[PDB]
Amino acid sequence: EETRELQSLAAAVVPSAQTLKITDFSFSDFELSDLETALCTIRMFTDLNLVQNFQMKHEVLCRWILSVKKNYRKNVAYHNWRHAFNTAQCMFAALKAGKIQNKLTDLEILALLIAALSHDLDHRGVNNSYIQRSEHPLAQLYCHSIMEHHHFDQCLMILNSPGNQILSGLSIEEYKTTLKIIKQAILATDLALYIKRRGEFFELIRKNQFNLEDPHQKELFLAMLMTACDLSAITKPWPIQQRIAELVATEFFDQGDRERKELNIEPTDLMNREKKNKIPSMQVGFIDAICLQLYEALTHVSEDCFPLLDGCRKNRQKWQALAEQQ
């Protein structure tokens, strides 16, 4: 049944953040049941003071979380509920352990958590923005569909569904503002927009010009933070990192098989199952081109986010070792 879920969740005792280990950057969701990931999510909203400050009724928050989880597809190897959940957990860790919570307003935090959980809702296993030839230093290409996505639209649909209105406690103006931030946060998770706007952020950081209170720069930082959390699987302790990387590869190969049948074209190497041997070199190219500079830059705003950079570095070394073939 579909309510046996709400029934169990609404009545369950929500363990502390410490007990749930959600404050750790090295957090793993693998050992948790779906119910436990929902409890972890309730704790995130609670410890960031969102339930209290925004007058969220318990049953409403529970129904919303379940609705979000239900709208992801378990048959998609990587971009599913566990990815969204991990993205939100990383956001929680960055806000708490990284001390980013005091740098932002409660409305921004509310928007970020909702965005983290909802950003990949319109994912059917079709990756429309990625890097081709990452293993080729001088020939890497960033590709993206000419058409756009409806991730925000799905997020809005759930937020406005009867019984799921976790934003009903906001004022008319607060509601409008918050929706704008959520939309921008979700759009920011598209690699295309990240690649497009990161230069400005890196330059500000390099020149010690980053100003939290400049609205334009605040927006830019929130977009960068979203990407940092979205890509955080790449920073986990090696064994966790590799398990997640296998999922990403599986999804990519499944896409290549599908586009082969639907478009009669051979997939780029990234989505070609027969090119598995090249994975380590591809992982290294991706980390160098997209991840390392972002995690380095984040440490300049939040020194305590160092674990993300540290993990990214360690994993690059291990992937590189494999590329050279141990």
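Take the two forms, superpose them, and find the largest set of C-alpha atoms that agree within 1.5 Å; that set is the rigid core. We number the residues from 1 along the sequence you see.
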query	finding
Between 68-76 and 238-246, the one whose CA atoms sit farther away in 8 other deposited structures of this protein (rigid core aligned)	68-76
Divergent stretch in 8 other deposited structures of this protein, 190-198 or 148-156 [C-alpha RMS, superposed by the core]	148-156
Missing coords for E135 in a third or more of other PDB entries	yes
Comparing 261-269 with 62-70, the one whose average Cα B-factor in the PDB entry is higher	261-269
Higher-B stretch (mean Cα B-factor, as the entry records it), 49-57 or 35-43	49-57
Residue with maximal Cα B-factor (values as given in the PDB entry) among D122, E108, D230, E246	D122
Candidate set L167, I234, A77, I205 [ranked by C-alpha B-factor, highest]	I205
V301 - which third its CA temperature factor falls in, relative to the rest of the chain	highest
Third of the chain's Cα B-factor distribution that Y194 belongs to, per the entry	highest
Third of chain Cα B-factors occupied by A11	highest
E251 CA temperature factor, ranked by third within the chain	lowest
Third of the chain, ranked by Cα B-factor, where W238 sits	middle
